[PDB]
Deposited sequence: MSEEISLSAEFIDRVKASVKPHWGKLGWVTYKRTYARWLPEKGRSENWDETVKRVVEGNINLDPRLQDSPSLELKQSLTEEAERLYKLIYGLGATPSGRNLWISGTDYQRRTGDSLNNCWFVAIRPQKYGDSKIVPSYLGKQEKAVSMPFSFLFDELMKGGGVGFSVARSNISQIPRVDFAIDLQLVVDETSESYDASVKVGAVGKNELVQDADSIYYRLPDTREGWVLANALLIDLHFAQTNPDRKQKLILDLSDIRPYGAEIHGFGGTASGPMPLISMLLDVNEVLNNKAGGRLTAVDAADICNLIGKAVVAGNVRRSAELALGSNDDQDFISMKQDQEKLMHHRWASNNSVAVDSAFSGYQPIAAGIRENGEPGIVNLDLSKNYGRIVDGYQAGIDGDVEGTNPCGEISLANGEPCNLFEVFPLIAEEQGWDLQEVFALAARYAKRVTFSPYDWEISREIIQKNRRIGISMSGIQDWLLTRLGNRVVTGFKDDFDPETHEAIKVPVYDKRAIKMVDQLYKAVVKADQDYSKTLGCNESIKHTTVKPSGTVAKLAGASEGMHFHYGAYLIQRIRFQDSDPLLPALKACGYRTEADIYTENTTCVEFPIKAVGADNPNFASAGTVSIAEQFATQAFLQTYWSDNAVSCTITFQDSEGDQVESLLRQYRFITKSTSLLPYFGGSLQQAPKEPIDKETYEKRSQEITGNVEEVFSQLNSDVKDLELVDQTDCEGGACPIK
């Protein structure tokens, strides 16, 4: 087993200073630092990175076949470089990886290293997977399969994109039987009352007869999935020969709310959310008994499921562009508040499509729907590499953030690099992206629970090396924004006069070399391992949380402002508050949430004093489209995630721009530049003078003060 020595760590810590953003360390402490029962304290940065790096390196498949002494030392040195890179924050894996990589939970939980997936909502076989209904054969198709997949990955903390295109919904058979459902929660359970409140009946009130179908739920994630799978499959004759229409699900064993759970810092929700979900999911199905399920019904069930996972504390529905019922489903206020908020909805289009008029109207109202061009996604890598028939022919959708082109049951597999920071930390970018590629490649050899995922991954070995802090990197290195201006031109088909962007040709070369570096890295590593080369390699994700660790601009997004006071909200009991107060940070009771404290962090954006500096509120919608297009053309062979924000005075341009880029954009997400005016803004803009004054008030090092207090005060955490 490859590992890093204490001697090496201390050396890195001695020469490498983590490039924390003004909110970085704090964000790390309350987000990725796991609790150490042995030591009675949460992890320190160096420790987290150690287990993350070790957890990834030990995935290399060669280490499974009597690894040679040379092999193990080479991997050890690669791990040491990896540790130095991540520790310095010049690059990092996904937030999920930072939280679970190298942990006991990870090693005992399949799919634990991937945070997003895609699945088509059409009857499918469960195949030889960890979860398989008892009443189902392996190769036997079931209506519940896609829902079970989504339910499972969602409970494992991931996000799931799914397709309810008309083509899939039509594959779902007529709802043959309206099922009578009773949810039992024994009077003895510590969740009895609470459950009765949501519709469950005591063991006494239970009305049973010999013909009823009965299932005792094991107090496990699988128990939850199988119970919803049973409920669904009983509505269809194909998976219910006995025509039994009496189901009794017993959730007396489900652990109560607050109960300790494996794989999360949080606790259990109790069976209550599961009860409601099963009851509501049954209604949607019963309400169509003898009829047919629509995309709205299919999406509602997925939404109800997502809602049950969120519980009392992550989806993307992709449908047909002509399905008006689906497109309008989230506008129903009552149902939006009850569960349709669970997913963000988009429609599938192709380059031939031009019906953007109604789509634009929707977008100008609520920012929905989003768009996914399956045509371009299946026939293109980077747009510059031109049309390539079926290069990604198995693509059927994308993940919730929409940066990865995905096939049915396929997961996202990301790694984020911050070009500006890596360079400032003395790294050669070409080498950074190569380490990135290999990290991702290894994740593809981790344990996966679903057969369909194993197969597709074996064939694709897809990786998604993301580039973040893009605006900081370009403004600094170029002195201006990738889009230097616009020149006149005409639409390639309609000859319509339009404004095309002029890109800084310097940017093309720098991103192109990095792309080729990831491809070379993947080609060589694929040879060494003897597996398939990654079908795709790059993308852009606006990973907010991780970008905060390093204080980098998120994905390709622009900064909210040059100089700002950023407010971070903490529970009044949070261990970090005394340390922050001791360091000079200004605090105030939060007016939007009870028992919460706001802490003010003065922040200066890179290039704040550059006349080419652009704040998100001032960047034209036309320029945002051009910027996304640039990255999709010369960098990402997957997609480009970014929220294009516009002022109402720009709404007249939404339909026009969507049409203009119909031959380049794989997916689009627009949102009316809201804001209005918040009395206690999470991001308040200030002038340079105010920023300097405020930052001078902070003369204490929170990381050091926290450790000191933690030491002098017992049970601070």
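Comparing the deposited sequence with the modelled residues shows gaps at 1-3, 317-320, 725-739, with numbering starting at 1.
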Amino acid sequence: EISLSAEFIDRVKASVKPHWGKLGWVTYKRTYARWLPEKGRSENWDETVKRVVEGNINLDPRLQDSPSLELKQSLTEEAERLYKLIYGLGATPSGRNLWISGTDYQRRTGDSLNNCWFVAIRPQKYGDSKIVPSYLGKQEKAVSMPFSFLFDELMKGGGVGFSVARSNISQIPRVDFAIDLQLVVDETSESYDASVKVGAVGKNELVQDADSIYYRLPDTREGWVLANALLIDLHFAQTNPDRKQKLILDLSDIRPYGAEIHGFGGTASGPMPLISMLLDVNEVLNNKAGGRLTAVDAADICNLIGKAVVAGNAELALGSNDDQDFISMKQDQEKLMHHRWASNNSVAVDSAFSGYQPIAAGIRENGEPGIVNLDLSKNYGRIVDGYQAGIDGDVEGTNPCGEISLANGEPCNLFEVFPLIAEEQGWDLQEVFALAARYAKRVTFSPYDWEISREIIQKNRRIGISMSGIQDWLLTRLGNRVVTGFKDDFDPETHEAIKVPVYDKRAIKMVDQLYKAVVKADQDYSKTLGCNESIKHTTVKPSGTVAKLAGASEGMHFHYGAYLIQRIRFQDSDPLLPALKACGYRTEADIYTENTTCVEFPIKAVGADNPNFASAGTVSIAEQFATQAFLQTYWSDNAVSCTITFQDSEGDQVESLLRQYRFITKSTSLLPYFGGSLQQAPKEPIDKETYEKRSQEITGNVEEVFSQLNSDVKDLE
From here on, numbers count along this sequence of modelled residues.
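Taking the mean C-alpha B-factor of each stretch as recorded, 219-227 and 191-199 are not equal, and the higher mean is that of 191-199.
Checked against the record, the higher mean CA B factor of 19-27 and 6-14 lies with 6-14. In the deposited coordinates, the residue among 309, 579, 529, 521 with the greatest CA B-factor is 529. If you compare the C-alpha temperature factors of 148, 106, 596, 408 in the entry, 106 comes out highest. Ranked by C-alpha B-factor against the other modelled residues of its chain, residue 214 falls in the highest third.
Among the modelled residues of the chain, residue 144 sits in the middle third by CA temperature factor in this PDB entry.
Per the PDB record, residue ranking by Cα B-factor puts residue 50 in the middle third of the chain. Annotation for residue 236: CA B-factor lies in the highest third of the chain's modelled residues. Residue 35: CA B factor in the middle third of modelled residues in this chain (values from the PDB entry).
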